[PDB]
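Residue numbers (the entry's author numbering), protein chains in the order written: chain Q, 249 to 297; chain Y, 95 to 140; chain P, 13 to 192; chain W, 66 to 122; chain T, 89 to 176; chain d, 33 to 218, 243 to 291; chain O, 43 to 71; chain 3, 9 to 103.
For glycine and all other residues, C-beta sits at the position ideal for the given N, C-alpha and C.
Below you'll find the structure, written out as structure tokens, and then a few comments.
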Amino acid sequence: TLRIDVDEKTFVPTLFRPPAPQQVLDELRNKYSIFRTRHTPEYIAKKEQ
Amino acid sequence: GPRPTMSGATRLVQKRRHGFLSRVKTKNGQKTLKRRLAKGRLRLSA
Amino acid sequence: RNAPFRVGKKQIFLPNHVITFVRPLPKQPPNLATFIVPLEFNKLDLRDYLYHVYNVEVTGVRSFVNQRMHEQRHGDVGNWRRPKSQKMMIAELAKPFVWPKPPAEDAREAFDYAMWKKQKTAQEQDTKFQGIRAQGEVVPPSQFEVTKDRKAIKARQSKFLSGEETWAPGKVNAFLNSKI
Amino acid sequence: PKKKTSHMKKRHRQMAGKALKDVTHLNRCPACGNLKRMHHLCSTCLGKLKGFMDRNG
Amino acid sequence: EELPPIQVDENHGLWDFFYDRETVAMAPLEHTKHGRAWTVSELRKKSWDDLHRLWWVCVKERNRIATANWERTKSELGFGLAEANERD
Amino acid sequence: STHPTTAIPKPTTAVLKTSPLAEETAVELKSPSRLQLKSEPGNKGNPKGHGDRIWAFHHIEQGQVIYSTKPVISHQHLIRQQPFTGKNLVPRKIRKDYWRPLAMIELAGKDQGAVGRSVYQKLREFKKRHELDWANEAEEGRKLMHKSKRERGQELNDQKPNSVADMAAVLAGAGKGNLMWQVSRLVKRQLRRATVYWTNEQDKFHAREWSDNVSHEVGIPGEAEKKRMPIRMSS
Amino acid sequence: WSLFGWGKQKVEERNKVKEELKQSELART
Amino acid sequence: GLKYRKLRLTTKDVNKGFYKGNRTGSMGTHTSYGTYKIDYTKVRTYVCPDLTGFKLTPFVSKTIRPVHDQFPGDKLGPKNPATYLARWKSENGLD
RNA sequence: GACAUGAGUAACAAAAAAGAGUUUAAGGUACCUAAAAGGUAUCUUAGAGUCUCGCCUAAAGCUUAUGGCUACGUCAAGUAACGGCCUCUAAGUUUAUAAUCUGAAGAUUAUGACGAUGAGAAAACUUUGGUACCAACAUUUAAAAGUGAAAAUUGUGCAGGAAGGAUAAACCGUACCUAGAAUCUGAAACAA
RNA sequence: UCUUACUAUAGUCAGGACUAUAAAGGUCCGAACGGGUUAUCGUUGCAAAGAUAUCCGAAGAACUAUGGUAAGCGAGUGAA
RNA sequence: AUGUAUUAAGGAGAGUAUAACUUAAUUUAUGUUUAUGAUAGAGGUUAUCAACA
Ligand SMILES: [K+]
Ligand SMILES: [K+]
Ligand SMILES: [Mg+2]
Ligand SMILES: [Mg+2]
Ligand SMILES: [Mg+2]
Ligand SMILES: [Mg+2]
Ligand SMILES: [Mg+2]
Ligand SMILES: [Mg+2]
Ligand SMILES: [Mg+2]
Ligand SMILES: [Mg+2]
Ligand SMILES: [Mg+2]
Ligand SMILES: [Mg+2]
Ligand SMILES: [Mg+2]
Ligand SMILES: [Mg+2]
Ligand SMILES: [Mg+2]
Ligand SMILES: [Mg+2]
Ligand SMILES: [Mg+2]
Ligand SMILES: [Mg+2]
Ligand SMILES: [Mg+2]
Ligand SMILES: [Mg+2]
Ligand SMILES: [Mg+2]
Ligand SMILES: [Mg+2]
Ligand SMILES: [Mg+2]
Ligand SMILES: [Mg+2]
Ligand SMILES: [Mg+2]
Ligand SMILES: [Mg+2]
Ligand SMILES: [Mg+2]
Ligand SMILES: [Mg+2]
Ligand SMILES: [Zn+2]
């Protein structure tokens, strides 16, 4: 890749929409792994009960 | 002397008799598994 | 944006699969394309993977699994296992595709075929001898290919016998300080 | 066998009168001069003449 | 083997598996003429659209290397599996 | 008892030189037959439409060919048209995923089915003389006699190129008693028009030369409906 | 130079041993 | 039977109703007469974007040396949710 | 554990059976030739084929099973020209549920689930109980004739002959071997 | 997964003869198949139960296939 | 083998840079000390020429 392209900054943070389609997160990590540390509030609420 | 007692043997009867599900699902089969597991066996069944 | 088939709803944005495009068989028509796909790949995936990624329409797909020989964990030692089988798929292209013919052996110099060939024959001859030993046999001395060292001792033999050269005692057998 | 055969009585059985006999019925071949058995055809001239009659005829 | 060859579309979708249209595999000397992998630092300045398009350039690039490895082995072209293992 | 022929130059009845061995062309070896010197042969004792079209199916992988009068082959064709060419080389059944229509021959006369029943006979008699009596390929071309019995049986199965050469020969008047000839005998004779439909345009190039009474068309009726597209050379 | 290491290396490494043998033959002449 | 009997059983060994899949996923449901109805809600499609005009390649020139990020004094440098929210305000305030 | 003796002995004998040519690859020799090469002949190893003879033949042939330490380019919506998966159930199984019995383990009954060696729409295009039933035996029936199935028709004997469900094409199998000539079981290349 | 009995689902038994039947018989001769009567060989065998010939049953209390049930303080099965 | 300290669920299948281990199978950052350490260069695959926390 040319040096002019590798240096181009195109990332603009967002707050109301995810950085990528929410479906992509299922591909980056395994939703059901026993190594999952980031759980949802609805899950922890069901685990504490 | 020894006899050809395995002539005409099928591999479906091998899974029904000495299979993994024939052992985890029975009280006496869970002992065989744990024994072979405690000894180090790789082939717990079949 | 209208695919010839019906597309699924589960969207895959970052597929991790590797698709290999293999050469067809000699007698196969030019509308069949053979690929090596993951074992979990199915006919619907290849049809959708070939159109959205490479823009290739297919009127049908065929798939067959190739098993792998059972082996030992460490070649000649270890427990008996079986590698993961291989899946091949043959797609019926809507547009014919013809492969190029392999280059002639004399025109493969870009790949260093000369050196590669010498190395291939060496391993071919070591695998053959190790099979002759697996039958409980050895190559008789009369059948061993004469090497370069045995061809130079026959040219000297004919030069000493003929009388061209005169034999003389060796001078490099050992570096003694006495020199007698 | 009641006993083990000793090194002497086994060496008698193996070599006393069982020495390989040297072939002495060798003569040269008239066409080429190579050594051949007596009353026999040269093996190097047979193949050469046998092949010479297959090409031209 | 002596039939008139059919005309294959120049812009065929399956020409993307080939490095060179005459010899599927690329010469080892010209197969090593590549740079280095993107560092996480460089990839932190790119939007989903760039990282989503840059991902598929690798998916198609890995398919191009698997295809060459099969052809080179099957057709006995020669060496080049040590140069592709670094590229892949 | 069988009698094999020798690969010797011979005269042909066809208008073209089917093989390099052919000495002459369009030679009368026998007086015209009953239906040969007839402007309109008819479907006398056969079903309506029978003989108007002839199909050829081939194994897309191995090259085995089957001729049929109907648009679909059955288990009879595989038994009555495929001789024993070695162990594991004669399939036990017709596998739908391997057998495809190779070509289709349609005559101009839409009710003269007797002309197709003759074209069908010479094609089936030429194919029997290709699996048997292949003296022209024993020492030349494919060199079937210089091959093992295993490899020899595979080449004898690959009758697809041979079948396309039997079409250019039969459709050009090859054979004795071929009804594709039309003798006026007022004595001038000519060949009847025909049309060959090809699923693959490149398949029609196995014949070194085609006659002047045959028209070539791409695509067989009913193949597009099956989602099978024809292969075109020009693209 | 083993028989099973000759093909496990890139062309640059292999083509660097031939110039070594080549340059070794120019001094022997 | 001595040894092959002891290997793991595969579908290429036995035929008497023994079935075993390759984890290709369920694409539908079975009918009562032995057919299969493909539920296209389970079928998966691959979203490949238009790559015409894309200038990034999978390699970066070796002239540009590999350098990491410093994030001095911030233990959770790249994962700090504060430097992601504060950075958002200046650059993109609306979204 | 290594190495002797018997001993270079027994054995390589299913009453099929061999004979003479030809050729390919790699390599070993001799001559030709001394520019290396190439050529002629021959031998070793691994193959191939031709002509003649004989052997098995309701096989020692072909197509496929059980099975496999033989090898991994074996390709199907369905029928003609396909099985599994799937639906249904038999003999049975049940660390399923309920009840009951019981030194514990457990056992019994009912229900559910599961369980083929069986039953499963259409297609050369397709999606009540003799008004019975589909055990054995016998008879008849796709109209030129004969033969063998399939299914059905009628009948005979007693030994008196299932269950249940119904009624746009995924996944898995597909290579080779069938035991007289290299593959299954018999410790093996076993006259079984 | 041998083997004994039972169990469910299935398959097989050329041809001829006699008998009251077209089909009603633990009928007859005899292949496949199932047995193992006599002799010979074999006995570190081809075989830890085989080969050859001979002999017996061969529509039945028959034989065969794929599953199932019943065995080890008590004894499962047993035309014993 | 004994002693001391610490800890209180174990195995297998397949795959993978064959010292590197999970389809991301050699992730990304902090602090300190760096030859008076700890116990003024070359080198991102010709790599990992840095240990501890
Ligand atoms: K109890
Ligand atoms: K009898
Ligand atoms: Mg992942
Ligand atoms: Mg984690
Ligand atoms: Mg016993
Ligand atoms: Mg049995
Ligand atoms: Mg087959
Ligand atoms: Mg198999
Ligand atoms: Mg099998
Ligand atoms: Mg089932
Ligand atoms: Mg003696
Ligand atoms: Mg003696
Ligand atoms: Mg002897
Ligand atoms: Mg030679
Ligand atoms: Mg007989
Ligand atoms: Mg074996
Ligand atoms: Mg399939
Ligand atoms: Mg199917
Ligand atoms: Mg059920
Ligand atoms: Mg069944
Ligand atoms: Mg045997
Ligand atoms: Mg036999
Ligand atoms: Mg055996
Ligand atoms: Mg049994
Ligand atoms: Mg009787
Ligand atoms: Mg009697
Ligand atoms: Mg008995
Ligand atoms: Mg004796
Ligand atoms: Zn001589």
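Kindly examine ligand 10 and report whether one of its heavy atoms sits closer than 8 angstroms to the Cβ of residue i.
| i | result |
| --- | --- |
| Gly185 (chain d) | no |
| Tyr27 (chain 3) | yes |
Where does residue i land, buried or exposed, given buried means 16+ other C-beta within 10 angstroms?
| i | result |
| --- | --- |
| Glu174 (chain T) | exposed |
| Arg111 (chain Y) | exposed |
| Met114 (chain T) | buried |
| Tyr99 (chain d) | buried |
| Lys192 (chain d) | buried |
| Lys99 (chain P) | buried |
| residue 3 (chain 3) | Outside the displayed span of chain 3 (9 to 103) sits residue 3 (chain 3), for which this structure offers no information. |
| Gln96 (chain d) | buried |
| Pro98 (chain Y) | exposed |
| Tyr280 (chain Q) | exposed |
| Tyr54 (chain 3) | buried |
| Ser195 (chain d) | buried |
| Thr34 (chain d) | exposed |
| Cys107 (chain W) | buried |
Would you say the beta carbon of residue i is closer than 8 angstroms to some non-hydrogen atom of ligand 4?
| i | result |
| --- | --- |
| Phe283 (chain Q) | yes |
Taking 8 angstroms as the cut-off, is the beta-carbon of residue i closer than that to any non-hydrogen atom of ligand 5?
| i | result |
| --- | --- |
| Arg80 (chain P) | no |
Compute the minimum distance between the beta carbon of residue i and the heavy atoms of ligand 29, and state whether it is under 8 angstroms.
| i | result |
| --- | --- |
| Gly166 (chain T) | no |
Taking 8 angstroms as the cut-off, is the beta-carbon of residue i closer than that to any non-hydrogen atom of ligand 7?
| i | result |
| --- | --- |
| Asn189 (chain d) | no |
| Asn23 (chain 3) | no |
| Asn120 (chain d) | yes |
Sorry if obvious, but does the Cβ on residue i come closer than 8 angstroms to a heavy atom of ligand 17?
| i | result |
| --- | --- |
| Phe76 (chain P) | yes |
I want to check one thing, is the minimum distance from the CB of residue i to the heavy atoms of ligand 3 below 8 angstroms?
| i | result |
| --- | --- |
| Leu276 (chain Q) | yes |
Heavy atom of ligand 8 less than 8 angstroms from the Cβ of residue i, yes or no?
| i | result |
| --- | --- |
| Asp58 (chain 3) | no |
Near-chain P residues of the region 9–40 of chain 3 - C-beta to any C-beta below 9 angstroms: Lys11, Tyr12, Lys14, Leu15, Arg16, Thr18, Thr19, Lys20, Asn30, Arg31, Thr32, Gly33 and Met35
Using Cβ-Cβ distances below 8 angstroms, what residues of the region 18–45 of chain P are close to chain Q? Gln23, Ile24, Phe25 and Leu26
Against chain Q, which members of the region 83–103 of chain 3 pass a CB distance test of less than 8 angstroms? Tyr92, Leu93, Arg95, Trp96, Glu99, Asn100 and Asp103
Which residues, taken in chain order from the region 43–56 of chain 3, show a beta carbon closer than 9 angstroms to some beta carbon of chain Q? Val55
For the region 83–101 of chain P, list every residue whose C-beta sits within 9 angstroms of some C-beta in chain 3, in sequence order. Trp92, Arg93, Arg94, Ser97 and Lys99
Short-range partners of chain 3 found in the region 96–128 of chain T, where Cβ spacing is below 9 angstroms: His122, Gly123, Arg124, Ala125, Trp126, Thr127 and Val128
Counting only Cβ-Cβ distances shorter than 8 angstroms, please list the residues of the region 249–265 of chain Q near chain 3, keeping chain order. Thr249, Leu250, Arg251, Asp253, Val254, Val260, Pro261, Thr262, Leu263, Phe264 and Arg265
Output, in sequence order along the chain, the residues in the region 49–79 of chain P whose CB is closer than 8 angstroms to any CB in chain 3. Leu51, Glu52, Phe53, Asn54, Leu56, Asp57, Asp60, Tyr61, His64, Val65, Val77 and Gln79
Taking only beta carbons into account, state which residues of the region 45–64 of chain O come closer than 9 angstroms to chain P, listed in chain order. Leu45, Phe46, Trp48, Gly49, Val53, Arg56, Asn57 and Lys60
Unbroken beta strand (DSSP E) runs of length 3 or more, entirely within the region 72–133 of chain d: which are they? 85–91 and 97–100
Which residues, taken in chain order from the region 153–171 of chain T, show a beta carbon closer than 9 angstroms to some beta carbon of chain O? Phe167, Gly168, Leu169, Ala170 and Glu171
Whole alpha helix (DSSP H) elements within the region 107–157 of chain P, 4-residue minimum: 125–146
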